[PDB]
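So this block is structure_18.cif, mmCIF, C-alpha atoms and all ligand atoms:
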```cif
data_final
loop_
_atom_site.label_atom_id
_atom_site.label_comp_id
_atom_site.auth_asym_id
_atom_site.auth_seq_id
_atom_site.Cartn_x
_atom_site.Cartn_y
_atom_site.Cartn_z
CA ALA N 7 70.42 95.06 84.88
CA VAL N 8 72.51 96.28 87.77
CA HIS N 9 70.55 97.90 90.62
CA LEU N 10 72.64 99.63 93.26
CA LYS N 11 69.55 99.84 95.51
CA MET N 12 69.57 96.02 95.73
CA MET N 13 73.26 95.99 96.90
CA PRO N 14 73.64 96.74 100.58
CA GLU N 15 77.38 97.61 100.29
CA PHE N 16 76.26 100.55 98.12
CA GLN N 17 73.69 101.84 100.63
CA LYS N 18 76.16 102.32 103.47
CA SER N 19 76.43 106.02 104.54
CA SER N 20 80.10 106.29 103.57
CA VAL N 21 79.24 105.57 99.84
CA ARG N 22 78.65 108.72 97.82
CA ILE N 23 77.69 108.39 94.18
CA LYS N 24 76.82 111.43 92.07
CA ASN N 25 75.53 109.54 89.05
CA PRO N 26 74.06 106.22 90.08
CA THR N 27 72.61 105.28 86.69
CA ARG N 28 76.00 105.78 85.02
CA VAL N 29 77.72 103.64 87.75
CA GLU N 30 75.08 101.01 87.04
CA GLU N 31 75.87 101.07 83.39
CA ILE N 32 79.60 100.94 83.90
CA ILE N 33 79.27 97.97 86.28
CA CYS N 34 76.96 96.26 83.81
CA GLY N 35 79.72 96.71 81.19
CA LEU N 36 82.32 95.17 83.54
CA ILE N 37 80.03 92.24 84.15
CA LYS N 38 79.50 91.68 80.42
CA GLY N 39 83.22 91.66 79.75
CA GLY N 40 84.04 89.35 82.66
CA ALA N 41 87.56 88.26 83.63
CA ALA N 42 88.77 88.25 80.10
CA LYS N 43 88.42 91.97 79.75
CA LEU N 44 89.25 93.27 83.27
CA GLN N 45 92.32 95.03 84.64
CA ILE N 46 92.94 96.95 87.82
CA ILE N 47 94.90 100.17 88.21
CA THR N 48 95.36 101.25 91.78
CA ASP N 49 97.13 103.68 94.05
CA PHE N 50 98.77 102.32 97.20
CA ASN N 51 99.09 104.56 100.30
CA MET N 52 95.62 105.26 101.83
CA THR N 53 93.91 103.46 98.92
CA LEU N 54 94.98 99.82 99.59
CA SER N 55 96.42 100.71 103.04
CA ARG N 56 94.40 102.23 105.87
CA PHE N 57 94.35 105.93 106.71
CA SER N 58 93.52 105.31 110.34
CA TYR N 59 92.70 102.52 112.75
CA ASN N 60 91.04 102.79 116.17
CA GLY N 61 91.27 106.54 116.03
CA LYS N 62 95.02 106.74 115.14
CA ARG N 63 96.67 107.66 111.82
CA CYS N 64 98.33 104.81 109.93
CA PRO N 65 101.65 105.15 108.16
CA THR N 66 102.42 105.62 104.48
CA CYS N 67 105.36 103.66 103.09
CA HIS N 68 107.54 106.72 103.63
CA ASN N 69 106.28 107.00 107.27
CA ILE N 70 107.35 103.40 107.88
CA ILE N 71 110.94 104.57 107.30
CA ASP N 72 110.49 107.92 109.17
CA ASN N 73 109.41 106.02 112.25
CA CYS N 74 111.77 103.05 112.14
CA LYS N 75 114.85 102.21 114.30
CA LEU N 76 117.27 102.78 111.40
CA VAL N 77 116.68 106.55 111.50
CA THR N 78 118.12 108.78 114.27
CA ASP N 79 115.73 110.77 116.43
CA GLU N 80 117.11 114.01 115.05
CA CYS N 81 116.28 112.95 111.46
CA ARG N 82 112.86 111.67 112.55
CA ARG N 83 112.05 115.10 114.00
CA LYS N 84 113.07 116.80 110.73
CA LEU N 85 110.92 114.23 108.81
CA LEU N 86 107.88 114.75 111.07
CA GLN N 87 108.08 118.44 110.57
CA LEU N 88 108.38 118.18 106.73
CA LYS N 89 105.37 115.83 106.93
CA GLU N 90 103.25 118.36 108.92
CA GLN N 91 104.22 121.15 106.68
CA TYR N 92 103.95 119.37 103.32
CA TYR N 93 100.85 117.18 104.06
CA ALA N 94 99.03 120.38 104.81
CA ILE N 95 99.82 121.61 101.37
CA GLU N 96 99.06 118.23 99.69
CA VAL N 97 95.45 118.20 101.04
CA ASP N 98 94.85 121.99 100.96
CA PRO N 99 91.47 122.52 99.33
CA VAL N 100 92.19 126.18 98.47
CA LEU N 101 95.26 125.48 96.28
CA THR N 102 95.28 124.37 92.69
CA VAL N 103 97.24 121.34 91.40
CA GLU N 104 99.73 123.68 89.77
CA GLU N 105 100.21 125.64 92.97
CA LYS N 106 100.85 122.39 94.94
CA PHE N 107 103.10 120.73 92.33
CA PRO N 108 106.41 122.40 93.15
CA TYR N 109 105.87 121.95 96.94
CA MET N 110 105.33 118.23 96.30
CA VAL N 111 108.59 118.05 94.30
CA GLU N 112 110.36 119.84 97.18
CA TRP N 113 108.90 117.51 99.86
CA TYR N 114 110.32 114.56 97.98
CA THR N 115 113.75 116.16 97.52
CA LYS N 116 114.12 117.01 101.18
CA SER N 117 112.66 113.76 102.48
CA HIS N 118 114.77 111.67 100.17
CA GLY N 119 117.94 113.73 100.87
CA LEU N 120 117.57 112.95 104.59
CA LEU N 121 116.82 109.24 104.04
CA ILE N 122 119.92 108.80 101.88
CA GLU N 123 122.07 110.42 104.60
CA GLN N 124 120.76 107.83 107.04
CA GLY N 125 122.12 104.96 104.87
CA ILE N 126 119.13 102.57 105.18
CA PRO N 127 120.27 98.99 104.53
CA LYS N 128 118.33 96.94 102.13
CA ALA N 129 118.61 93.86 104.38
CA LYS N 130 116.81 95.62 107.23
CA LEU N 131 113.64 96.56 105.24
CA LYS N 132 112.06 93.28 106.19
CA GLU N 133 112.39 93.93 109.96
CA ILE N 134 111.50 97.58 109.65
CA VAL N 135 108.22 96.60 107.88
CA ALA N 136 107.48 93.73 110.28
CA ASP N 137 107.83 96.13 113.26
CA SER N 138 105.82 98.92 111.57
CA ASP N 139 102.18 99.82 112.19
CA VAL N 140 101.13 99.53 108.52
CA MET N 141 97.66 98.12 107.83
CA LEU N 142 95.94 97.07 104.67
CA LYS N 143 92.27 97.78 104.27
CA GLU N 144 89.70 95.30 105.47
CA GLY N 145 88.99 92.74 102.77
CA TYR N 146 92.46 92.84 101.25
CA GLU N 147 92.84 89.01 101.26
CA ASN N 148 89.68 88.53 99.15
CA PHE N 149 90.58 91.48 96.91
CA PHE N 150 94.01 90.13 95.96
CA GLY N 151 92.85 86.53 96.30
CA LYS N 152 89.96 86.87 93.85
CA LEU N 153 92.07 88.86 91.36
CA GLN N 154 94.90 86.25 91.40
CA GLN N 155 92.39 83.36 91.11
CA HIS N 156 91.20 84.77 87.77
CA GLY N 157 94.62 85.99 86.58
CA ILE N 158 93.45 89.69 86.56
CA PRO N 159 96.23 92.11 85.85
CA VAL N 160 96.77 94.53 88.81
CA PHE N 161 99.03 97.64 88.33
CA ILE N 162 99.91 99.29 91.61
CA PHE N 163 101.10 102.83 90.84
CA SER N 164 102.43 104.54 93.93
CA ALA N 165 104.31 107.74 94.54
CA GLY N 166 105.59 106.03 97.73
CA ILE N 167 108.70 103.79 98.10
CA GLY N 168 108.62 100.61 95.92
CA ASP N 169 110.84 98.46 98.17
CA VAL N 170 108.74 99.17 101.23
CA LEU N 171 105.45 98.65 99.42
CA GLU N 172 106.61 95.29 98.03
CA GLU N 173 107.68 94.20 101.49
CA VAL N 174 104.28 95.14 102.96
CA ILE N 175 102.33 93.06 100.46
CA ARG N 176 104.95 90.26 100.54
CA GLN N 177 104.54 89.92 104.35
CA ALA N 178 100.78 90.00 104.00
CA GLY N 179 100.97 87.06 101.52
CA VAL N 180 99.23 88.94 98.65
CA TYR N 181 102.10 89.88 96.36
CA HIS N 182 100.88 87.46 93.72
CA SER N 183 102.14 87.02 90.17
CA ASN N 184 99.36 89.19 88.68
CA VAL N 185 100.57 92.25 90.66
CA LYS N 186 102.91 94.75 89.05
CA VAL N 187 104.43 97.53 91.21
CA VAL N 188 105.55 100.88 89.77
CA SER N 189 106.95 103.27 92.38
CA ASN N 190 110.14 105.08 93.55
CA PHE N 191 112.57 102.27 94.09
CA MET N 192 115.68 102.62 96.18
CA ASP N 193 119.15 102.60 94.62
CA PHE N 194 121.63 100.66 96.77
CA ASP N 195 125.44 100.90 96.76
CA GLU N 196 127.92 98.08 96.78
CA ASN N 197 127.26 97.34 100.49
CA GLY N 198 123.44 97.15 99.92
CA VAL N 199 123.16 100.61 101.50
CA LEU N 200 120.79 103.30 100.22
CA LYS N 201 122.50 105.92 98.00
CA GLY N 202 119.64 107.28 95.90
CA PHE N 203 116.40 106.42 94.06
CA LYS N 204 116.16 104.89 90.58
CA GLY N 205 114.58 106.22 87.44
CA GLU N 206 112.54 109.43 87.47
CA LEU N 207 110.63 110.73 90.51
CA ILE N 208 106.96 109.78 90.83
CA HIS N 209 105.17 112.27 92.95
CA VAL N 210 101.57 113.08 93.89
CA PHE N 211 100.92 115.19 90.76
CA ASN N 212 102.83 113.58 87.97
CA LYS N 213 101.32 110.09 87.70
CA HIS N 214 100.37 111.02 84.07
CA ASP N 215 104.03 110.81 83.15
CA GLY N 216 104.81 107.35 84.49
CA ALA N 217 101.45 106.14 83.12
CA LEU N 218 102.74 106.99 79.56
CA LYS N 219 106.15 105.51 80.30
CA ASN N 220 104.56 102.11 80.97
CA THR N 221 102.92 101.67 77.56
CA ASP N 222 104.87 98.39 77.17
CA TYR N 223 102.88 96.95 80.08
CA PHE N 224 99.74 98.52 78.80
CA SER N 225 100.16 97.50 75.15
CA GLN N 226 100.27 93.82 76.18
CA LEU N 227 96.83 94.24 77.86
CA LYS N 228 95.08 95.71 74.90
CA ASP N 229 92.22 93.20 75.33
CA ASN N 230 91.80 94.35 78.97
CA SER N 231 89.62 97.18 77.93
CA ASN N 232 87.54 97.31 81.18
CA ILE N 233 89.31 99.16 83.98
CA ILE N 234 88.70 99.60 87.70
CA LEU N 235 90.80 102.49 88.96
CA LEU N 236 91.19 103.08 92.78
CA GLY N 237 92.80 106.16 94.33
CA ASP N 238 92.58 108.59 97.22
CA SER N 239 94.04 111.79 95.59
CA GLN N 240 93.10 113.95 92.64
CA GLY N 241 96.47 113.09 91.17
CA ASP N 242 95.40 109.38 90.99
CA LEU N 243 92.78 110.15 88.32
CA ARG N 244 95.56 110.21 85.73
CA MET N 245 96.88 106.64 86.46
CA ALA N 246 95.01 105.10 83.56
CA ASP N 247 96.26 107.64 80.91
CA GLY N 248 98.52 104.99 79.31
CA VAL N 249 95.92 102.31 78.81
CA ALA N 250 95.78 101.05 75.22
CA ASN N 251 92.04 100.75 74.81
CA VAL N 252 89.28 101.86 77.34
CA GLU N 253 85.74 100.59 76.87
CA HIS N 254 84.42 100.82 80.46
CA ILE N 255 86.32 102.47 83.26
CA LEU N 256 85.11 102.86 86.82
CA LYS N 257 86.90 105.24 89.19
CA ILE N 258 86.65 104.66 92.92
CA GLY N 259 88.06 107.28 95.26
CA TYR N 260 88.76 107.10 98.96
CA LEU N 261 88.14 110.52 100.55
CA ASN N 262 89.96 110.31 103.82
CA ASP N 263 90.43 113.96 105.03
CA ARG N 264 88.93 117.46 104.61
CA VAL N 265 85.70 115.65 103.69
CA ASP N 266 83.31 118.55 103.67
CA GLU N 267 85.63 120.79 101.71
CA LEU N 268 86.55 118.08 99.18
CA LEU N 269 83.33 116.09 98.74
CA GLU N 270 81.85 117.90 95.79
CA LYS N 271 85.11 117.83 93.89
CA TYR N 272 85.61 114.10 94.62
CA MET N 273 81.98 113.28 93.57
CA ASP N 274 82.55 115.18 90.32
CA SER N 275 85.75 113.34 89.40
CA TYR N 276 85.36 109.79 90.86
CA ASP N 277 82.35 107.62 89.99
CA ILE N 278 82.14 106.27 93.53
CA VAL N 279 83.45 108.14 96.56
CA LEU N 280 84.13 106.30 99.78
CA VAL N 281 84.17 108.66 102.73
CA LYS N 282 86.28 107.62 105.67
CA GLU N 283 86.07 103.99 104.58
CA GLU N 284 88.72 101.43 105.74
CA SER N 285 87.54 98.46 103.70
CA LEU N 286 87.54 97.14 100.11
CA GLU N 287 83.98 95.84 100.46
CA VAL N 288 82.55 97.93 97.61
CA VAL N 289 85.11 96.99 94.98
CA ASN N 290 85.06 93.35 96.30
CA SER N 291 81.30 93.17 95.63
CA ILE N 292 81.88 94.49 92.08
CA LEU N 293 84.53 91.82 91.56
CA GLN N 294 82.17 89.13 92.97
CA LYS N 295 79.55 90.00 90.27
CA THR N 296 82.10 90.38 87.50
CA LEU N 297 84.52 87.46 87.78
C1 LIG N 301 107.81 112.44 100.08
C2 LIG N 301 106.77 111.85 100.98
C3 LIG N 301 105.56 111.45 100.54
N1 LIG N 301 104.62 110.86 101.34
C4 LIG N 301 103.25 110.55 100.80
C5 LIG N 301 102.73 111.51 99.75
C6 LIG N 301 101.62 110.70 99.11
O1 LIG N 301 100.39 110.93 99.80
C7 LIG N 301 102.09 109.25 99.26
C8 LIG N 301 102.47 108.62 97.95
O2 LIG N 301 102.02 107.27 97.89
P1 LIG N 301 100.72 106.90 97.03
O3 LIG N 301 100.92 107.45 95.61
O4 LIG N 301 100.85 105.43 97.06
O5 LIG N 301 99.54 107.38 97.81
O6 LIG N 301 103.25 109.29 100.15
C9 LIG N 301 104.83 110.72 102.70
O7 LIG N 301 104.01 110.23 103.46
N2 LIG N 301 106.07 111.13 103.13
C10 LIG N 301 107.06 111.71 102.38
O8 LIG N 301 108.13 112.02 102.90
MG MG N 302 97.55 107.52 98.04
#
```
Spell out the structure here as structure tokens.
Amino acid sequence: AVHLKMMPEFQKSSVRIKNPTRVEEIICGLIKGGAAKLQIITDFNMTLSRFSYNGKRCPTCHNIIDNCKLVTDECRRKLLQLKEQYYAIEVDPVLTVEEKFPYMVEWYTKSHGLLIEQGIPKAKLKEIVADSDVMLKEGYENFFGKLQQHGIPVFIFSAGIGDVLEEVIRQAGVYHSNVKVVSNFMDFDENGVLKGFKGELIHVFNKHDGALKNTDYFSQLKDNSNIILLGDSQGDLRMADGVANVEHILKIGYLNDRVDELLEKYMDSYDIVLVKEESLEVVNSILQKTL
């Protein structure tokens, strides 16, 4: 049997579990299935990347562009102000999903309108990322390393920017063949200059939609009936809605902000909540027992 009490990673003060016996059972199920049955479905910004480091806020993939040298100061001020205004709505504990939804759509429209006007060149994304302050969570090498060693499918489902995200994991040496990225990917003109975004918008509250539009990916992993889902938002809880068959699913949520106001809700909807946690130690220990 699995005993969380015997696992010190689980007894750290940042680990909040509402139903420990159910988490035990779920983890026992993952262990029984092993590699052969495991897949990972994970958010990106503030789930695989850090929310803050040494007391300062770390950038999302969008923030990497907001802050980079390829954007004029005037634009950056506009972008900072949209961020202040729209982040406040995104995390607002008082507002329902349906109240927030149209403001999230609007944030993306305005942000992405301004980025297109700046004409970001594809060829500069590498430098922009290398000069950025982005940080992946502690333990990211062993997370991706262990998954790739056992050929475990990893689906990264991000409402961020796909090109930037890929470049971050590429520079960190963890963009392995088992990793699939679904995000908002830049459309470039004939000069390799940004003119728009491809496909349909993925935002904070419509991951259900793109989950169902990837049933090709999911129907090839029908045997991968044991799922570990990681997210930091309530909208991430929908990322596994396109999975073919679910036998055991464990949901791990990073609660990074408005902790006291959001804790009960997070504990009710995620199996394990990780409060102001900048490492992947908990999921790494699960992987260590499973693979
Ligand atoms: C549109 C926009 C979104 N974002 C955030 C909103 C979400 O929290 C996050 C989406 O990435 P995620 O789905 O990987 O967490 O990006 C910005 O930081 N800046 C922006 O301009
Ligand atoms: Mg996120």
Checklist entry - To one decimal place, how far is CA of residue 41 (chain N) from CA of residue 166 (chain N) in Å? => result 29.0 Å
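Considering the residues N:252, N:120, N:46, N:269 and counting all atoms listed in the file, residue 159 (chain N) has its shortest atom-to-atom contact with N:46.
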Closest-contact table, chain N side, partner ligand MG 302 (chain N), 6 Å, counting all atoms listed in the file, as a Markdown table:
```
| residue | atom | partner | partner_atom | distance |
| --- | --- | --- | --- | --- |
| N:49 | CA | N:MG302 | MG | 5.6 |
| N:50 | CA | N:MG302 | MG | 5.4 |
| N:51 | CA | N:MG302 | MG | 4.0 |
| N:52 | CA | N:MG302 | MG | 4.8 |
| N:53 | CA | N:MG302 | MG | 5.5 |
| N:238 | CA | N:MG302 | MG | 5.1 |
```
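Distances from N:199, N:243, N:12, N:131 to ligand LIG 301 (chain N) were compared using all atoms listed in the file, and the smallest one belongs to N:243.
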Checklist entry - If you count all atoms listed in the file, which residues fall within 12 Å of region 235-237 of chain N, apart from same-chain ones fewer than 6 positions away, as a PyMOL selection string? => result chain N and resi 44-55+160-165+210+213+243-247+249+252+254-262+272+275-280+286+288-289
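Distance annotation: of N:180, N:281, N:111, N:250, the residue with the minimal separation from residue 224 (chain N) is N:250; atom set is all atoms listed in the file.
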Item to check | Who sits within 7 Å of region 192-198 of chain N, all atoms listed in the file, same chain under 2 positions skipped, as a PyMOL selection string | outcome: chain N and resi 127-128+169+190+200-204
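Taking CA of residue 85 (chain N) and atom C10 of ligand LIG 301 (chain N) as endpoints, the distance between them is 7.9 Å.
Taking CA of residue 189 (chain N) and CA of residue 168 (chain N) as the two end points, the separation is 4.7 Å.
For the set N:117, N:60, N:226, N:91, the residue with the smallest atom-to-atom gap to residue 72 (chain N) is N:117, counting only C-alpha atoms.
With all atoms listed in the file as the atoms that count, the residue of N:129, N:134, N:175, N:208 with the shortest distance to ligand LIG 301 (chain N) is N:208.
Neighbouring residues of residue 103 (chain N) at 10 Å or closer, counting only C-alpha atoms and skipping chain neighbours under 5 positions away, are residues 96, 98, 108, 110, 210, 211, 240 and 241 of chain N.
Considering the residues N:135, N:94, N:29, N:100 and counting all atoms listed in the file, ligand LIG 301 (chain N) has its shortest atom-to-atom contact with N:94.
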Next on the checklist: Show me the residues close to (78.0, 97.5, 78.6) - anything with an atom within 12 Å, counting all atoms listed in the file - and format the list as a ChimeraX atom specification.
Outcome noted: /N:7-8,28-40,43,231-232,253-255
Quick one: residues within 7 Å of residue 287 (chain N), all atoms listed in the file counted, chain neighbours fewer than 2 positions away excluded, as a CSV table (one decimal) with C-alpha atoms, in the frame of the given file?
```
chain,number,residue,atom,x,y,z
N,15,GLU,CA,77.4,97.6,100.3
N,145,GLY,CA,89.0,92.7,102.8
N,285,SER,CA,87.5,98.5,103.7
N,289,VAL,CA,85.1,97.0,95.0
N,290,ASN,CA,85.1,93.4,96.3
N,291,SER,CA,81.3,93.2,95.6
```
Item to check | Within 12 Å of residue 177 (chain N) using only C-alpha atoms, minus same-chain residues under 6 positions, as a ChimeraX atom specification | outcome: /N:131-138,140-142,170-171
Please produce a file of those selected residues containing C-alpha atoms, as a PDB file, in the frame of the given file.
```pdb
ATOM      1  CA  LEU N 131     113.640  96.560 105.240  1.00  0.00           C
ATOM      2  CA  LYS N 132     112.060  93.280 106.190  1.00  0.00           C
ATOM      3  CA  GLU N 133     112.390  93.930 109.960  1.00  0.00           C
ATOM      4  CA  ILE N 134     111.500  97.580 109.650  1.00  0.00           C
ATOM      5  CA  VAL N 135     108.220  96.600 107.880  1.00  0.00           C
ATOM      6  CA  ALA N 136     107.480  93.730 110.280  1.00  0.00           C
ATOM      7  CA  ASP N 137     107.830  96.130 113.260  1.00  0.00           C
ATOM      8  CA  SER N 138     105.820  98.920 111.570  1.00  0.00           C
ATOM      9  CA  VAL N 140     101.130  99.530 108.520  1.00  0.00           C
ATOM     10  CA  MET N 141      97.660  98.120 107.830  1.00  0.00           C
ATOM     11  CA  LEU N 142      95.940  97.070 104.670  1.00  0.00           C
ATOM     12  CA  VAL N 170     108.740  99.170 101.230  1.00  0.00           C
ATOM     13  CA  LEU N 171     105.450  98.650  99.420  1.00  0.00           C
TER      14      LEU N 171
END
```
